[PDB]
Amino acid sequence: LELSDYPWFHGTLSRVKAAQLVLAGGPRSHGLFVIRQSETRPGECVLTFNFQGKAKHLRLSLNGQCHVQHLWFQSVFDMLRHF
């Protein structure tokens, strides 16, 4: 029920480390992603993902009223786990 309780959320994982994680597997793990706390903008989160083997970082407005967004990410993660 909380950001901290989801498998796709990785707290303070570095952007550098996050990119590594989603790219280990190259274009094969295309789609893999993780959500982390921004290194630069405090309080904000970032969605780091693998697009065709390249790492991309998307700034989000996250961390109340964010439950449905959590559901969205859970569902994507669900499709992922099936690979």
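Sequential numbering from 1, following the sequence displayed.
- In terms of unmodelled positions of the deposited sequence, the stretch from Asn63 to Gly64 in this entry skips 1 to 3 residues.
- Averaged over their C-alpha atoms, the temperature factors of 34-42 and 51-59 are higher for 34-42.
- With 21-29 and 66-74 compared on mean CA B-factor from the PDB entry, the stretch scoring higher is 21-29.
- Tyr6: CA B factor in the middle third of modelled residues in this chain (values from the PDB entry).
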